[PDB]
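Residue numbers (full-length UniProt numbering), protein chains in the order written: chain A, 9 to 111; chain B, 9 to 111; chain C, 9 to 111; chain D, 9 to 111; chain E, 9 to 111; chain F, 9 to 111; chain G, 9 to 111; chain H, 9 to 111; chain I, 9 to 111; chain J, 251 to 334.
No residue lacks a Cβ here, since even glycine has one placed at the ideal position from N, Cα and C.
Notes follow the structure.
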Amino acid sequence: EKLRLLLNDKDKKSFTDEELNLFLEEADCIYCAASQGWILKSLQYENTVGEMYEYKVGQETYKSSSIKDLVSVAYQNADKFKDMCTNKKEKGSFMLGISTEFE
Amino acid sequence: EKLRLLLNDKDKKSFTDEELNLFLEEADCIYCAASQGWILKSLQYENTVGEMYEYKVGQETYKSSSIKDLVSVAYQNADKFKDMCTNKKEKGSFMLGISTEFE
Amino acid sequence: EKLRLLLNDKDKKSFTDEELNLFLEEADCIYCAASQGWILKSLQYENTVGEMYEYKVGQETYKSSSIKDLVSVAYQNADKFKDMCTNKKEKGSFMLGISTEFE
Amino acid sequence: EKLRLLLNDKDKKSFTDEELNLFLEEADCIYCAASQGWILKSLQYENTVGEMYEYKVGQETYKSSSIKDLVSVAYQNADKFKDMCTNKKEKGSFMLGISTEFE
Amino acid sequence: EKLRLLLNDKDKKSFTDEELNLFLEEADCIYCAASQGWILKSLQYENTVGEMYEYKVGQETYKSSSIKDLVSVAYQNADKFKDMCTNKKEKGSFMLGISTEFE
Amino acid sequence: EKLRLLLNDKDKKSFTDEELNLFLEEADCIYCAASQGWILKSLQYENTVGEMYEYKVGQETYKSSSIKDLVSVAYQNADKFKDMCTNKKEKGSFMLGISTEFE
Amino acid sequence: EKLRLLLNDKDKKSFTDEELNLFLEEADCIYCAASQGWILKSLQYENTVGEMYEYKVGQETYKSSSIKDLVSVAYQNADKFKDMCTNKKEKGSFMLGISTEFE
Amino acid sequence: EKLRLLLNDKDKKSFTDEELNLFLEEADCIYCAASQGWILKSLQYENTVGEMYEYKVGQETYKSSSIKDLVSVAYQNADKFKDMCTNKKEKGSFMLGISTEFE
Amino acid sequence: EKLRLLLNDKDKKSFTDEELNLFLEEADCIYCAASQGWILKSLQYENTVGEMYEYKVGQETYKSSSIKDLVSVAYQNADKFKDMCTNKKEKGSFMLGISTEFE
Amino acid sequence: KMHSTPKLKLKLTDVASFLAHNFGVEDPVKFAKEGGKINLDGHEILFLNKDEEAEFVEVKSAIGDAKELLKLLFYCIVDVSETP
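Here it is in structure tokens:
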């Protein structure tokens with residue numbers, strides 16, 4: 009199923025069901041939809057990791073990769089999916105005949 | 009719906025709906041409006057997170073993403089949406105016939 | 009309304025409305041005025057961050073991005089608005105006919 | 009057995025066989041399927057490791073590899089398998105005869 | 009008023025209005041005078057901020073922006089105003105007719 | 009013996025002899041099989057070091073080289089084995105005669 | 009007044025009026041004199057900051073920008089004044105007629 | 009003795025003396041066998057030194073060279089021996105006579 | 009004496025006497041033998057510094073430059089000796105006569 | 251007729267501003283729709299910025315080889331008619 013394959017190509021339950029259908033409608037090739045969804049997922053990091061990515065309380069210390077690294081990883085996923093779609097639709101070079109009518 | 013998809017693209021609950029309608033009216037392509045909205049949302053990080061990127065009080069220590077990183081990521085998102093708009097609107101090369109009347 | 013849109017573009021409640029009117033008068037295109045206002049806003053960081061951008065008292069510690077960083081971000085905003093104005097007023101290449109009178 | 013070899017090229021039990029067979033069907037060359045599966049497994053580091061790459065609790069301190077490093081290594085493995093697929097399918101240059109009928 | 013706009017371009021309460029009149033007279037274009045005033049204001053950081061960019065006394069610790077960064081930012085502002093002066097006074101290319109008398 | 013020599017090349021007692029036979033069948037030249045085995049061995053660093061590469065408990069501290077360094081070393085081994093195979097099968101340039109039948 | 013204008017172009021309080029007159033008469037253009045005076049002022053940093061630029065006594069700590077940064081800033085001022093003088097005396101390109109006597 | 013010189017080229021008991029015979033047999037030039045053996049010795053660092061390059065226990069602290077450094081040095085030694093083999097076997101340029109029979 | 013001069017060209021008597029004769033016989037030029045001996049000596053750092061180059065016990069701390077630096081220095085010695093040998097055996101460019109028999 | 255006369259190319263930094271300043275063509279798109287035609291006397295001099303370029307896009311021979319074909323066909327024609 010295209011929806012299930014797309015939810016395999018991305019994290020399974022971060023997105024609601026209807027926007028997966030929206031992305032499937034927007035692009036017929038599933039990998040283009042995966043790239044779009046990955047960029048949209050990458051937008052999320054401003055909420056969680058943007059406002060706080062490294063905190064220490066008492067002796068408790070926690071560090072997480074900055075927003076730049078995570079969005080870079082998500083963008084890399086998006087670009088890989090886009091290149092995958094291009095290679096899917098790509099076709100090699102061609103030499104063809106040519107002919108014009110004459111009397 | 010245009011507005012719901014835009015609020016998905018340009019992250020929700022930072023603008024009220026009237027300026028979103030203005031964004032849609034500015035450009036028919038939704039991704040161009042998304043890029044514009046992403047830039048104008050990037051301008052708002054000076055208030056929402058401020059330049060005070062790290063502070064320690066008592067035993068609390070918090071390190072937020074610096075404003076440069078957040079505005080850079082917002083700009084990158086806007087650039088991605090702009091590139092999506094161009095690729096959607098871009099057509100490939102063309103070879104066409106030419107002819108001039110004579111006598 | 010042009011003043012409302014400019015106060016949206018140029019971050020609000022730092023310039024009183026008369027200089028905003030001056031900005032709107034200086035250039036017809038609102039984005040050029042926004043770039044100008046952004047540069048003039050970037051000038052303000054002298055007092056806020058040049059005097060002090062990182063201080064610690066007792067166990068209280070506070071860090072803020074240096075003046076160079078914030079003015080760089082504001083300059084990036086100004087340049088984006090300027091490029092937006094240019095793209096708004098830009099037009100593509102042209103091939104036109106030419107003809108000189110002759111006996 | 010092709011599935012067993014693919015489960016060696018890509019480590020066990022991050023997926024279930026219901027998609028390993030799908031990847032085998034996707035491309036006849038096992039290495040291409042391995043590259044695809046390696047990218048899809050690279051996607052899973054968002055959950056299995058998470059961004060919280062280092063933390064200290066009590067006297068415990070742990071420094072795991074950042075998610076960017078793990079996805080980079082997975083991408084490198086996928087690239088290696090893709091290059092292996094190409095080299096397996098690659099054929100060297102050729103000089104061949106050409107001839108056109110004539111009377 | 010030209011003087012008020014210049015004081016907006018180059019912040020108030022530092023210089024007395026006499027040198028502002030001098031800058032206005034030395035260049036009709038206000039942005040040129042703004043660039044000149046910004047350089048001359050950059051010269052004043054050696055007194056207003058001084059070299060002592062960081063100090064700790066008791067439990068107080070203050071880290072001001074270094075003088076090099078401040079003068080660099082002032083120079084950048086002066087350069088921006090100078091480029092504005094050029095672009096305002098700049099004119100595009102021209103192709104014009106040429107003709108010499110002959111018998 | 010081919011299996012013992014491969015187990016010498018590819019570091020011993022991490023792969024059972026079944027996949028060693030599989031690699032021997034896959035590639036005629038032993039060094040190509042060694043490169044294959046090294047690339048496949050490099051995947052284990054995910055589990056071994058990716059989830060934890062530097063930890064301190066109490067006064068006990070232990071640091072190990074990150075996953076990136078170890079996978080880089082394994083890749084270097086793989087590339088050396090591959091280049092060794094190519095140089096083994098490499099033959100120098102050639103000048104040969106040419107002759108076409110003619111009446 | 010040329011002396012007061014030069015003393016505005018320079019930071020004052022470290023040059024008695026005699027050398028100011030010396031600079032004024034050595035170079036007619038005031039900006040060249042300002043550049044010379046700024047270099048001569050830059051020379052002084054070997055005593056104030058070269059001997060000591062960062063010291064801590066007890067809990068009292070004081071850091072100042074190194075001699076290299078300060079002399080760099082002063083050199084930048086000198087170069088800006090010199091370039092200002094050049095642009096003052098600069099004149100655009102010229103196309104002029106040419107004619108030689110003949111009979 | 010060839011075996012003794014080779015066991016001088018690689019420090020004794022990282023290999024049993026039997027397989028030195030194999031290394032000698034696979035290449036008559038001793039330095040070629042030395043380079044091969046040095047690569048094979050480089051493979052052994054994962055067991056002899058492991059990844060744990062630094063550790064502290066109690067008051068003991070030991071910082072061994074990382075495995076990447078050791079394998080790099082072993083590779084450099086192998087490259088040096090390979091270059092020695094080539095230079096020993098290399099011969100300079102040549103200009104020779106050419107002649108074809110003719111009637 | 010050649011042996012004494014070689015034991016001077018190399019750091020004295022980490023080797024025993026027989027391999028000095030071996031190197032003297034391997035290359036007639038003493039500097040080539042010195043380069044070979046220096047590389048062979050550089051191999052020794054594996055055990056001395058590769059295993060532990062920086063350790064601290066109690067308040068006792070001891071640091072030594074890593075194996076990479078020492079093998080680099082030894083390689084530099086080897087390359088200098090090799091270049092010395094080449095410069096010894098080097099000879100300048102030549103222009104010579106040429107003549108072919110003819111009747 | 252299409253290509254014998256050379257075509258002047260101008261790699262301008264801003265084509266619209268150049269047209270507006272020089273030829274007074276305020277709306278170049280409509281000028282293209284209307285079929286308007288710039289007028290040049292022939293004696294022109296070009297003042298360009300540093301980056302702008304001007305060149306002539308010219309053909310070595312618009313005819314190509316058609317004269318050779320015409321000679322061959324003329325020979326065939328006079329041969330067919332056996333005309334002296």
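- Taking all protein chains in view, the Cβ of A/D17 is crowded by 16 or more other Cβ atoms within 10 Å, so the residue is classified as buried.
- As the crow flies, the alpha-carbon of D/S107 is around 31 Å from that of J/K317.
- Under the three-state reduction of DSSP, C/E26 is assigned to helix.
- Nearest neighbour of J/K259 by Cα position, chosen from C/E111, C/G105, C/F110, turns out to be C/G105.
- Collapsing the DSSP output to three states places J/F297 in a strand.
- Within chain G, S73, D77 have C-beta atoms less than 8 Å from the C-beta of E/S74, given in sequence order.
- Annotated as proximal: C/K10 and C/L32, with beta-carbon spacing under 9 Å.
- A residue is called buried when at least 16 other Cβ atoms come within 10 angstroms of its Cβ; I/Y61 meets this threshold and is buried.
- Nearest to D/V57 by alpha-carbon distance, out of A/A35, A/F23, A/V65, A/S72, is A/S72.
- Within chain C, no residue has its beta carbon less than 7 Å from that of J/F306; the closest one is some 13 Å off.
- Using a Cβ-Cβ cut-off of 7 Å, H/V81 is close to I75, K76, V79 of chain I, given in chain order.
- When 9 Å is used as the limit between beta carbons, J/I288 is near no residue of chain E, the shortest such separation being about 10 Å.
- At a cut-off of 9 Å between beta-carbon atoms, I/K64 makes contact with chain H.
- Between B/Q84 and A/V79, the gap from beta carbon to beta carbon is short of 9 Å.
- Annotation: the stretch 38-79 of chain F contains the following complete segments of the beta strand (DSSP E) (minimum length 3 residues), in chain order: 62-65, 68-71.
- Distance from the CA of J/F306 to the CA of J/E276, rounded to the nearest whole angstrom, comes to 25 Å.
- In this structure, DSSP gives J/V307 an extended state, which the three-state scheme calls strand.
- Contact with chain B is found for C/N16, since one of that chain's Cβ atoms lies less than 9 Å from the residue's Cβ.
- The three-state reading of DSSP puts C/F89 in helix, counting H, G and I together.
- A straight-line Cα-Cα distance of about 16 Å links A/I38 and A/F23.
- J/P278 counts as buried, since no fewer than 16 other beta carbons sit within 10 angstroms of its beta carbon.
- Within 10 angstroms of the beta-carbon of J/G285 lie fewer than 16 other beta-carbons, which makes it exposed.
- For I/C40, the closest C-alpha among the options I/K96, I/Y70, I/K20 is that of I/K96.
- In this structure E/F110 is exposed. Its beta-carbon is surrounded by fewer than 16 other beta-carbon atoms within 10 angstroms.
- J/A312 counts as exposed, since fewer than 16 other beta carbons sit within 10 angstroms of its beta carbon.
- For the C-beta of J/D301, not a single chain E residue is nearer than 8 Å; the gap to the nearest is close to 10 Å.
- With a beta-carbon spacing of about 22 Å, D/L13 and F/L13 fall beyond the 8 Å limit used to define contacts.
- Counting only Cβ-Cβ distances below 7 Å, H/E68 has contacts in chain I at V65, in chain order.
- DSSP places H/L104 outside both helix and strand once states are collapsed to three, so it counts as coil.
- The three-state secondary structure of J/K259, taken from DSSP, is strand.
- About 40 Å separates the Cβ atoms of D/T94 and F/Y63, ruling out a contact at the 8 Å cut-off.
- With at least 16 other beta carbons inside 10 angstroms of its own, B/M92 counts as buried.
- Shown here for E/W46: same chain residues with a beta carbon closer than 6 Å to its own, the five before and five after excluded, namely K18, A82, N85, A86 in chain order.
- Residue state for J/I327 is assigned as helix, using DSSP reduced to three classes.
- Boundaries for H/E9: no alpha helix (DSSP H) harbours it, and the DSSP string shows neither H nor E there.
- Against E/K88, the close residues of chain C are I47, in the order they occur along the chain (beta-carbon pairs closer than 7 Å).
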